[PDB]
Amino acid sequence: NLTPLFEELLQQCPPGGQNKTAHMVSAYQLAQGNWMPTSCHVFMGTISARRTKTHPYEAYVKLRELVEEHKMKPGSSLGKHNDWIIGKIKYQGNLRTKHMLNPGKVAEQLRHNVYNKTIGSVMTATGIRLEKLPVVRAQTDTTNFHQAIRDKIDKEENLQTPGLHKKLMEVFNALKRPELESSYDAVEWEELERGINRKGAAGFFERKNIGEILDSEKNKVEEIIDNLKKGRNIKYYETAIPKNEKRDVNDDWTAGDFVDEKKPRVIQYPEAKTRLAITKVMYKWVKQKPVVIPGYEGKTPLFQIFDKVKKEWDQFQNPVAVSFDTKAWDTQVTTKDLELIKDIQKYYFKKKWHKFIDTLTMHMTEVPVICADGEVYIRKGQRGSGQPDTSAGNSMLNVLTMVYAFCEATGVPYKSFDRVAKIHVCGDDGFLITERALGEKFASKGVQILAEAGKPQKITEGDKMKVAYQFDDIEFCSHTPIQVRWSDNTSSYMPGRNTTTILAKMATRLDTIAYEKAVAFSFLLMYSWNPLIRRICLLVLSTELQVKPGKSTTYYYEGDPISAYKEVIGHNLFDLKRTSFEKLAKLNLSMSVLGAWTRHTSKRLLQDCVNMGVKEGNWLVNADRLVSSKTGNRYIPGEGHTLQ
């Protein structure tokens, strides 16, 4: 009876190891009685207990009593290499951090959400009520920023199962790529400068951005590579800014705005010179060239991912997908976690970079962080979202932890995972596909195993992980599959997501037509299954055909945008005859719940398209099958290509 109460309490128990000298009893066995807990250190949902004619409620109070005894049982020396930050302190701290040093505040140092006028007025022109759309890209004030630090970052390091990381290494040895052992070397400046955003943000004490440092202070970056390579301390620090601040900029191209959306509330990032030093050396690992993390989908475009996943899904008999959903992952990365990734990096890198990886990793286990306003805190481990290693490091750490959790829950051995499951990851996001019995075992017992591995899962109904029983219930990269029907009698899947959300993201920005047409084409590649969005996209793309699209967003087109689409999607926009009736109903629901559209909106948007398309000429709106059906005119595309 009391079994769900014990299961809740066992997730707060400190992780222990296997105890062969005592009786280890589960949440079920404790609820039945005559079992008395002797300690609260949890191992695979079991704790050590003396069989002493107990009553269920009495066993529960002893186990809670022991858990609170352990919780009510410390300040930490600062590392020498971090001492330099204390000499920059100018005023006493006011972060009021309870678990990490707030040594004070350094001297001060020298963006808003607005509408995209053309995209926003096309929406208004059809009766879409913008004010009813959800708010996106919210920036936060200093006060809630510091509260977010106390809430998420001010914490002792997660305890993990003893020996967890030897096991995880055992999992890596089942997935390593031995033909690459000890081959990774640094890259040349030319190759580094190819894939980098010159507007990459400067750290607190910096003034130049990535491109400016590239142009004029390469020697400063090389001095840093040299110091680390010889094992010498550098003055490593990360800067803290709230999400969506002027300095919340991505160094590298992004598969979509979904990657800004999953960012922590607190962005923490090394200096630009330092992000450059790390990347010039660890390029092949942090940019996954080649891909050595199994299931890593970082380089897969959003319009391909679900077609790729369906092929795996179809090869199972009775497939399910279990979601990876860790609470505030970056805050759950431990020192031992980063050191596990250090050992794996050293597997693939030439020996002359091991002292480099060793010293950087050492710098990353205790990190001076400087807030926008100047407040310093000393972070113990964790991941700063802006580190170059976030995507690659979290992806491997995710894959390893999840294979281990699945393998320990199901009894499948680490070397046999590839035989009964497929895994897919993008940083902490992901899922695996497997047969239904295997997945349900992993989804019920995985919660407790993942809490003991120091990656707690977001609390749910029935203390179970989310299972998808039908393919288009998979959730990945903030999107979910939706099927479309083409006029060549094939079907395929597109990245689907709520229409209210797509409208929000498309209609706003943080601080002109060339940019909006880029956005429109960018959204048209992802959301052509959505007739509302598809038509708003074609109307915007119809604007000022003499102006060429900007380059500051995910994608843009050279030449014709309808032909560019055909090149990456594999069909013509005009050939898309049907979008999944049911899934579209699900993704349009919030439109009506929020009242962002009326009964008139779709017709008015179609009518505005037909009015433009019936007139004499060659109009992008007629690339829409239904619009062209009502105008009797077609769009004849020119040559066109898609770019990043």
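Residues carry their position along the shown sequence, with the first being 1.
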Going by the mean C-alpha B-factor recorded in the entry, which is higher: 290-298 or 247-255?
247-255
Taking the recorded C-alpha temperature factors, which stretch has the higher mean, 119-127 or 457-465?
457-465
Of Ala186, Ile344, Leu95, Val221, which one's C-alpha B factor is largest in the deposited record?
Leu95
Maximum C-alpha temperature factor, selected from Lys327, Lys308, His354, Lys90
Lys90
By the record's CA B-factor, is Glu190 among the lowest, middle or highest third of residues in the chain?
highest
Consider only the C-alpha atoms of the modelled residues in this chain, order them by B-factor as the entry records it, and name the third containing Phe43: lowest, middle or highest.
highest
With respect to C-alpha B-factor, does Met591 fall in the lowest, middle or highest third of the chain as deposited?
lowest
Based on the entry's values, in what third of the chain does the Cα temperature factor of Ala585 lie: lowest, middle or highest?
lowest
Should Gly211 be placed in the lowest, middle or highest third of its chain by the C-alpha B factor in the entry?
middle
